[PDB]
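Peer 1: Pasting coords.txt below, which is compact mmCIF, C-alpha atoms and all ligand atoms.
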```txt
# COMPACT_ATOMS: atom_id res chain seq x y z
CA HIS A 4 -4.36 -16.41 12.23
CA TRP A 5 -4.85 -12.69 11.66
CA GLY A 6 -7.34 -11.36 9.16
CA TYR A 7 -10.06 -8.75 8.80
CA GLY A 8 -12.98 -10.61 10.36
CA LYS A 9 -14.78 -9.89 13.64
CA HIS A 10 -12.70 -12.46 15.48
CA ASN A 11 -9.27 -11.93 13.94
CA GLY A 12 -9.39 -8.35 12.69
CA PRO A 13 -7.40 -5.15 13.51
CA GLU A 14 -8.73 -4.95 17.08
CA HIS A 15 -7.20 -8.38 17.77
CA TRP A 16 -3.77 -8.01 16.17
CA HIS A 17 -2.10 -6.54 19.26
CA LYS A 18 -2.28 -9.88 21.07
CA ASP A 19 0.17 -11.59 18.68
CA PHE A 20 1.79 -8.31 17.57
CA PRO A 21 2.20 -5.96 20.58
CA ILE A 22 3.71 -3.28 18.34
CA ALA A 23 0.15 -2.73 17.05
CA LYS A 24 -0.14 -0.20 19.89
CA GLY A 25 3.32 1.20 19.16
CA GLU A 26 4.55 4.77 18.79
CA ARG A 27 4.57 5.04 14.97
CA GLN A 28 1.78 2.85 13.65
CA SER A 29 0.01 3.21 10.30
CA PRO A 30 -2.29 4.22 8.76
CA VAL A 31 -3.20 7.63 10.17
CA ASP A 32 -5.67 10.34 9.33
CA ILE A 33 -4.01 13.13 7.38
CA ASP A 34 -5.31 16.41 8.77
CA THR A 35 -4.54 18.70 5.82
CA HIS A 36 -4.77 21.89 7.83
CA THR A 37 -2.25 20.63 10.40
CA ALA A 38 0.20 19.19 7.85
CA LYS A 39 3.05 21.65 7.27
CA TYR A 40 4.82 22.44 3.99
CA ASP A 41 8.43 21.29 4.26
CA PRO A 42 10.94 23.21 2.13
CA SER A 43 13.66 20.77 3.22
CA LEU A 44 12.07 18.05 1.07
CA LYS A 45 13.90 17.40 -2.21
CA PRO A 46 11.94 16.71 -5.38
CA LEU A 47 10.50 13.17 -5.43
CA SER A 48 11.81 10.77 -8.06
CA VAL A 49 9.78 7.76 -9.19
CA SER A 50 11.77 5.91 -11.88
CA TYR A 51 9.74 2.92 -12.99
CA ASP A 52 10.79 2.73 -16.67
CA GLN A 53 12.88 -0.41 -16.15
CA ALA A 54 10.39 -2.17 -13.85
CA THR A 55 10.29 -5.95 -14.25
CA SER A 56 7.13 -7.57 -12.92
CA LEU A 57 7.20 -11.34 -12.39
CA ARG A 58 3.92 -12.60 -11.02
CA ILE A 59 0.73 -11.93 -9.11
CA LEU A 60 -0.22 -13.66 -5.89
CA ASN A 61 -3.35 -13.98 -3.71
CA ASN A 62 -1.88 -14.25 -0.19
CA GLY A 63 -5.22 -14.50 1.60
CA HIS A 64 -5.15 -10.84 2.68
CA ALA A 65 -4.71 -9.06 -0.67
CA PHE A 66 -3.01 -9.69 -4.01
CA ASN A 67 0.61 -8.80 -4.64
CA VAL A 68 2.14 -7.96 -8.00
CA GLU A 69 5.79 -8.88 -7.37
CA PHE A 70 8.82 -7.48 -9.15
CA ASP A 71 12.35 -8.68 -9.84
CA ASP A 72 14.39 -6.62 -7.35
CA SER A 73 17.74 -8.40 -7.82
CA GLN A 74 18.96 -5.38 -9.79
CA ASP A 75 18.69 -1.61 -9.67
CA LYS A 76 15.56 -1.02 -11.79
CA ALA A 77 12.35 0.53 -10.47
CA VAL A 78 13.52 2.94 -7.79
CA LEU A 79 12.04 5.63 -5.58
CA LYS A 80 14.32 8.39 -4.30
CA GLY A 81 14.26 12.08 -3.42
CA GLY A 82 11.57 13.66 -1.28
CA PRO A 83 12.12 12.74 2.40
CA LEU A 84 14.26 9.76 1.42
CA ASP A 85 17.98 9.38 1.89
CA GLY A 86 19.36 7.06 -0.75
CA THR A 87 17.67 4.63 -3.12
CA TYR A 88 14.67 2.43 -2.43
CA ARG A 89 13.89 -0.50 -4.74
CA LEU A 90 10.36 -1.59 -5.70
CA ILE A 91 9.63 -5.13 -4.57
CA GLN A 92 5.82 -5.34 -4.83
CA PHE A 93 2.50 -3.49 -4.88
CA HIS A 94 -0.99 -4.33 -3.65
CA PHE A 95 -4.24 -2.62 -2.71
CA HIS A 96 -6.63 -2.37 0.25
CA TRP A 97 -10.29 -1.92 -0.68
CA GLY A 98 -13.79 -1.95 0.70
CA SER A 99 -17.09 -3.76 0.29
CA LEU A 100 -18.65 -0.44 -0.76
CA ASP A 101 -17.28 2.61 -2.62
CA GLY A 102 -17.56 4.70 0.55
CA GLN A 103 -14.75 2.85 2.34
CA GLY A 104 -11.58 0.93 1.61
CA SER A 105 -8.56 3.18 2.05
CA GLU A 106 -6.30 2.89 5.08
CA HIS A 107 -5.04 6.47 5.25
CA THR A 108 -7.82 9.06 5.36
CA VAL A 109 -7.72 12.75 4.34
CA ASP A 110 -9.55 14.96 6.83
CA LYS A 111 -11.36 11.76 7.88
CA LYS A 112 -12.42 11.12 4.27
CA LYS A 113 -12.23 7.46 3.24
CA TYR A 114 -11.52 6.60 -0.41
CA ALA A 115 -12.73 3.47 -2.20
CA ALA A 116 -9.26 1.91 -2.15
CA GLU A 117 -5.54 2.53 -1.67
CA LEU A 118 -2.55 1.29 -3.67
CA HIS A 119 0.70 0.54 -1.83
CA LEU A 120 3.94 0.38 -3.86
CA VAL A 121 6.48 -1.14 -1.48
CA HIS A 122 10.20 -0.33 -1.71
CA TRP A 123 13.25 -1.31 0.37
CA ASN A 124 16.38 0.72 1.17
CA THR A 125 19.25 -0.65 -0.94
CA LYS A 127 21.78 0.25 1.76
CA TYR A 128 20.54 -2.84 3.63
CA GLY A 129 21.16 -5.50 0.98
CA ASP A 130 17.68 -7.00 0.84
CA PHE A 131 14.11 -6.78 2.07
CA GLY A 132 14.66 -9.07 5.04
CA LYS A 133 17.46 -6.95 6.50
CA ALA A 134 15.63 -3.74 5.61
CA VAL A 135 12.66 -4.60 7.84
CA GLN A 136 14.98 -4.62 10.87
CA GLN A 137 15.78 -0.92 10.29
CA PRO A 138 13.82 2.27 11.16
CA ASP A 139 14.38 3.60 7.61
CA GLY A 140 14.36 0.28 5.81
CA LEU A 141 11.19 0.76 3.76
CA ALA A 142 9.42 3.42 1.70
CA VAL A 143 5.81 2.93 0.65
CA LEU A 144 4.20 5.15 -1.98
CA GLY A 145 0.48 5.30 -1.23
CA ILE A 146 -2.10 6.27 -3.84
CA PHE A 147 -5.82 6.73 -3.26
CA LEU A 148 -8.39 5.30 -5.67
CA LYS A 149 -11.82 6.86 -6.21
CA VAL A 150 -14.61 5.44 -8.34
CA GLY A 151 -15.20 7.35 -11.57
CA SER A 152 -13.57 6.86 -14.97
CA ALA A 153 -11.72 3.59 -15.56
CA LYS A 154 -7.93 3.48 -15.19
CA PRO A 155 -6.58 1.92 -18.42
CA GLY A 156 -3.33 0.92 -16.76
CA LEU A 157 -5.13 -1.16 -14.12
CA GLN A 158 -7.17 -3.34 -16.47
CA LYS A 159 -4.39 -5.90 -16.98
CA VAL A 160 -4.42 -6.45 -13.21
CA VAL A 161 -8.21 -6.67 -13.15
CA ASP A 162 -8.30 -9.26 -15.92
CA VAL A 163 -5.89 -11.69 -14.26
CA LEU A 164 -7.74 -11.78 -10.90
CA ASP A 165 -10.08 -14.57 -11.96
CA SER A 166 -6.96 -16.75 -12.22
CA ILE A 167 -5.92 -16.12 -8.60
CA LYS A 168 -9.32 -16.17 -6.93
CA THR A 169 -8.28 -18.03 -3.79
CA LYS A 170 -5.56 -17.89 -1.16
CA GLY A 171 -2.32 -19.47 -2.35
CA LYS A 172 -2.92 -19.07 -6.08
CA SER A 173 -0.46 -17.21 -8.29
CA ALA A 174 -0.07 -16.43 -11.99
CA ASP A 175 2.76 -15.27 -14.19
CA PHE A 176 2.47 -11.52 -14.56
CA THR A 177 5.35 -10.16 -16.60
CA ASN A 178 5.76 -6.89 -18.44
CA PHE A 179 3.31 -4.94 -16.29
CA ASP A 180 4.20 -1.21 -16.23
CA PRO A 181 3.45 0.37 -12.84
CA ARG A 182 3.71 3.84 -14.39
CA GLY A 183 0.12 3.33 -15.54
CA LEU A 184 -1.10 3.48 -11.94
CA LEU A 185 0.31 6.92 -11.12
CA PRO A 186 -1.74 10.15 -11.03
CA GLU A 187 -0.50 13.30 -12.81
CA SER A 188 0.76 15.15 -9.72
CA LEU A 189 3.37 13.87 -7.30
CA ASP A 190 2.38 16.30 -4.52
CA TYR A 191 2.41 14.27 -1.31
CA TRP A 192 2.29 14.09 2.47
CA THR A 193 5.00 12.20 4.35
CA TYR A 194 5.38 10.81 7.87
CA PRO A 195 7.24 7.99 9.66
CA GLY A 196 5.08 4.90 10.13
CA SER A 197 4.70 1.14 9.81
CA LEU A 198 3.45 -1.79 7.78
CA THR A 199 -0.36 -1.74 8.03
CA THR A 200 -0.54 -5.56 8.16
CA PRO A 201 1.08 -7.90 10.68
CA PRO A 202 3.94 -7.96 11.64
CA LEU A 203 3.22 -4.18 11.62
CA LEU A 204 6.94 -3.33 11.69
CA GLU A 205 7.81 0.35 12.18
CA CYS A 206 10.33 0.59 9.34
CA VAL A 207 8.34 2.71 6.86
CA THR A 208 8.68 6.20 5.46
CA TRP A 209 5.20 6.85 4.08
CA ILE A 210 4.74 8.98 1.01
CA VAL A 211 1.03 9.45 0.33
CA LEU A 212 0.05 11.19 -2.88
CA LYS A 213 -2.56 13.92 -2.68
CA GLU A 214 -4.08 13.26 -6.11
CA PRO A 215 -6.12 10.08 -6.29
CA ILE A 216 -6.42 8.03 -9.45
CA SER A 217 -9.89 7.16 -10.65
CA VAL A 218 -10.91 3.58 -11.38
CA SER A 219 -14.27 2.39 -12.70
CA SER A 220 -17.02 0.84 -10.64
CA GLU A 221 -16.54 -2.25 -12.81
CA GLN A 222 -12.83 -2.46 -11.96
CA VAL A 223 -13.28 -2.30 -8.18
CA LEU A 224 -16.21 -4.71 -8.40
CA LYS A 225 -13.80 -7.33 -9.73
CA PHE A 226 -11.43 -6.73 -6.78
CA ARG A 227 -14.38 -7.67 -4.56
CA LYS A 228 -14.83 -11.04 -6.28
CA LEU A 229 -11.54 -12.29 -4.86
CA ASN A 230 -11.57 -14.71 -1.89
CA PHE A 231 -9.77 -14.62 1.48
CA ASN A 232 -10.27 -18.39 1.70
CA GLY A 233 -8.36 -21.10 -0.08
CA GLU A 234 -9.76 -23.29 -2.84
CA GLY A 235 -12.31 -25.82 -1.60
CA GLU A 236 -13.22 -23.74 1.44
CA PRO A 237 -16.40 -21.76 2.17
CA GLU A 238 -16.29 -18.51 0.20
CA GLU A 239 -15.43 -15.38 2.15
CA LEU A 240 -15.21 -12.41 -0.21
CA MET A 241 -11.95 -10.46 -0.07
CA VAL A 242 -13.37 -7.06 0.90
CA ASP A 243 -12.63 -4.49 3.60
CA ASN A 244 -9.02 -5.65 3.98
CA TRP A 245 -8.02 -2.28 5.44
CA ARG A 246 -6.74 -1.28 8.86
CA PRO A 247 -8.36 1.86 10.33
CA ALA A 248 -6.49 5.05 11.24
CA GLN A 249 -4.21 4.77 14.29
CA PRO A 250 -3.06 7.41 16.84
CA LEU A 251 -0.63 9.93 15.34
CA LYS A 252 1.11 10.22 18.72
CA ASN A 253 4.41 12.10 18.58
CA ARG A 254 4.53 12.66 14.82
CA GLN A 255 4.09 15.44 12.30
CA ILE A 256 2.89 15.02 8.74
CA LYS A 257 4.84 17.12 6.26
CA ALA A 258 3.52 18.34 2.91
CA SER A 259 5.64 18.59 -0.25
CA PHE A 260 3.50 21.47 -1.52
CA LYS A 261 2.51 24.95 -0.40
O1 LIG B 301 1.34 -1.99 2.91
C1 LIG B 301 1.63 -3.03 3.50
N1 LIG B 301 0.68 -3.76 4.08
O2 LIG B 301 -0.65 -3.39 3.86
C2 LIG B 301 3.05 -3.51 3.56
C3 LIG B 301 4.14 -2.58 3.58
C4 LIG B 301 5.47 -3.02 3.63
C5 LIG B 301 5.74 -4.40 3.65
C6 LIG B 301 4.70 -5.34 3.63
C7 LIG B 301 3.36 -4.91 3.58
ZN ZN B 302 -0.64 -2.21 2.21
```
Can the structure in the file be given as structure tokens, please?
Peer 2:
Amino acid sequence: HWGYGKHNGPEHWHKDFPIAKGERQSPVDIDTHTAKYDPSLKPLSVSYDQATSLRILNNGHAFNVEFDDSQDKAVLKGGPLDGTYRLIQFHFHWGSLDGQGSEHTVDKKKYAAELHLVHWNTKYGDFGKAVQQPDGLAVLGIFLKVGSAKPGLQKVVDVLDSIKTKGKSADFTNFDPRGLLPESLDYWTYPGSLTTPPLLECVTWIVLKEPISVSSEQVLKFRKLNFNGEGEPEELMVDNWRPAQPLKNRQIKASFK
């Protein structure tokens, strides 16, 4: 099945998932000089105070911190969004080296990693129905650079040893995603897709301009994870990022002047 290796990586996905060569695929390079300030954008609202995390899972591609989305708790609204989007999970994409790892790039610059906080449009009832709609999902993307440690990420880092291989999960309650956000909410937004198969084009991307810094030690632990399952040859979970795709007929809007 699909992965990030030479024989099943991004360049191969289109065979099982034709939409890989679609009209609004993600990620894309964000050309900052071509992005235009949009005064029609309303202020962005990230309300994560009532967030209820449940567990963490190694799915063989990345690790997902899942949340209880059966109620109106952690929601994203405002900005380019119409309505309320509910947080269902977050995960990261990272590299084997600090010089690569992010999916979106800024003026071709690659960051060490990228955090994706996934939300679904409540007007559609649930995540499954949402992914059949062009405005069913909203993903808040945050870049990670290596520098000072991020205190709010350490709880995630310390539980990774317990979910080293594909299929493993661990209880992960009371984790506050507010500790992963940078100070500024300035962002770029464009219509795109999931960056992993099935690559569905149901996403409104909101990529924050300000990256958060994490320590070399923190990202090093991300790289100790495994793509393989327990009892299988070890294949380090690194470089699980899809490269920038053609922007095609799209414009990236900026929330700032
Ligand atoms: O960011 C994602 N993949 O990398 C993603 C986004 C929405 C739903 C599932 C996955
Ligand atoms: Zn992602």
Peer 1: Per residue of chain A within 8 Å of ligand ZN 302 (chain B), record the nearest atom pair and its distance in Å to one decimal, counting all atoms listed in the file, with rows in chain order and ascending residue number, as a tab-separated table.
Peer 2:
```
residue	atom	partner	partner_atom	distance
A:93	CA	B:ZN302	ZN	7.9
A:94	CA	B:ZN302	ZN	6.2
A:95	CA	B:ZN302	ZN	6.1
A:96	CA	B:ZN302	ZN	6.3
A:117	CA	B:ZN302	ZN	7.8
A:118	CA	B:ZN302	ZN	7.1
A:119	CA	B:ZN302	ZN	5.1
A:198	CA	B:ZN302	ZN	6.9
A:199	CA	B:ZN302	ZN	5.8
A:200	CA	B:ZN302	ZN	6.8
```
Peer 1: Export C-alpha atoms of the chosen residues as a PDB file, keeping the file's coordinate frame?
Peer 2:
```pdb
ATOM      1  CA  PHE A  93       2.500  -3.490  -4.880  1.00  0.00           C
ATOM      2  CA  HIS A  94      -0.990  -4.330  -3.650  1.00  0.00           C
ATOM      3  CA  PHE A  95      -4.240  -2.620  -2.710  1.00  0.00           C
ATOM      4  CA  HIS A  96      -6.630  -2.370   0.250  1.00  0.00           C
ATOM      5  CA  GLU A 117      -5.540   2.530  -1.670  1.00  0.00           C
ATOM      6  CA  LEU A 118      -2.550   1.290  -3.670  1.00  0.00           C
ATOM      7  CA  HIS A 119       0.700   0.540  -1.830  1.00  0.00           C
ATOM      8  CA  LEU A 198       3.450  -1.790   7.780  1.00  0.00           C
ATOM      9  CA  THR A 199      -0.360  -1.740   8.030  1.00  0.00           C
ATOM     10  CA  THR A 200      -0.540  -5.560   8.160  1.00  0.00           C
TER      11      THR A 200
END
```
Peer 1: Interatomic distance between atom CA of residue A:21 and atom CA of residue A:205?
Peer 2: 11.9 Å
Peer 1: So which residues touch residue A:210 within 9 Å, counting all atoms listed in the file, skipping near sequence neighbours fewer than 2 positions away, as a list in words?
Peer 2: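 Returned residues: residues 82, 83, 142, 143, 144, 145, 146, 191, 192, 193, 194, 208 and 212 of chain A.
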Peer 1: Restricting the calculation to all atoms listed in the file, which member of A:41, A:52, A:26, A:139 is positioned closest to ligand LIG 301 (chain B)?
Peer 2: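 Of A:41, A:52, A:26, A:139, the one nearest ligand LIG 301 (chain B) is A:139, counting all atoms listed in the file.
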Peer 1: Considering all atoms listed in the file, return as a PDB file with C-alpha atoms, in the frame of the given file whatever protein or nucleic-acid residues lie within 10 Å of residue A:168, sequence-local ones (same chain, fewer than 3 positions apart) excluded.
Peer 2:
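Saved to result.pdb:
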```pdb
ATOM      1  CA  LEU A  60      -0.220 -13.660  -5.890  1.00  0.00           C
ATOM      2  CA  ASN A  61      -3.350 -13.980  -3.710  1.00  0.00           C
ATOM      3  CA  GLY A  63      -5.220 -14.500   1.600  1.00  0.00           C
ATOM      4  CA  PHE A  66      -3.010  -9.690  -4.010  1.00  0.00           C
ATOM      5  CA  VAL A 163      -5.890 -11.690 -14.260  1.00  0.00           C
ATOM      6  CA  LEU A 164      -7.740 -11.780 -10.900  1.00  0.00           C
ATOM      7  CA  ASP A 165     -10.080 -14.570 -11.960  1.00  0.00           C
ATOM      8  CA  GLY A 171      -2.320 -19.470  -2.350  1.00  0.00           C
ATOM      9  CA  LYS A 172      -2.920 -19.070  -6.080  1.00  0.00           C
ATOM     10  CA  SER A 173      -0.460 -17.210  -8.290  1.00  0.00           C
ATOM     11  CA  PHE A 226     -11.430  -6.730  -6.780  1.00  0.00           C
ATOM     12  CA  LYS A 228     -14.830 -11.040  -6.280  1.00  0.00           C
ATOM     13  CA  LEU A 229     -11.540 -12.290  -4.860  1.00  0.00           C
ATOM     14  CA  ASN A 230     -11.570 -14.710  -1.890  1.00  0.00           C
ATOM     15  CA  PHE A 231      -9.770 -14.620   1.480  1.00  0.00           C
ATOM     16  CA  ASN A 232     -10.270 -18.390   1.700  1.00  0.00           C
ATOM     17  CA  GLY A 233      -8.360 -21.100  -0.080  1.00  0.00           C
ATOM     18  CA  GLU A 234      -9.760 -23.290  -2.840  1.00  0.00           C
ATOM     19  CA  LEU A 240     -15.210 -12.410  -0.210  1.00  0.00           C
ATOM     20  CA  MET A 241     -11.950 -10.460  -0.070  1.00  0.00           C
TER      21      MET A 241
END
```
Peer 1: Taking all atoms listed in the file into account, which of A:101, A:214, A:34, A:85 comes nearest residue A:227?
Peer 2: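 The shortest atom-to-atom distance to residue A:227 comes from A:101.
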Peer 1: For the atom pair atom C1 of ligand LIG 301 (chain B) and atom CA of residue A:254, what is the interatomic distance in Å to one decimal place?
Peer 2: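 Here the two named atoms are 19.6 Å from each other.
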Peer 1: Record the distance separating atom CA of residue A:221 and atom CA of residue A:158, expressed in Å with one decimal.
Peer 2: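 That distance, rounded to one decimal, is 10.1 Å.
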Peer 1: As a list in words, please: the residues near residue A:36 (cut-off 10 Å, only C-alpha atoms, same-chain neighbours under 3 positions excluded).
Peer 2: residues 33, 39 and 110 of chain A
Peer 1: Please provide the set of residues having any atom within 6 Å of residue A:141, restricted to only C-alpha atoms, with same-chain residues fewer than 4 positions apart removed, written as a PyMOL selection string.
Peer 2: chain A and resi 122-124+206-207
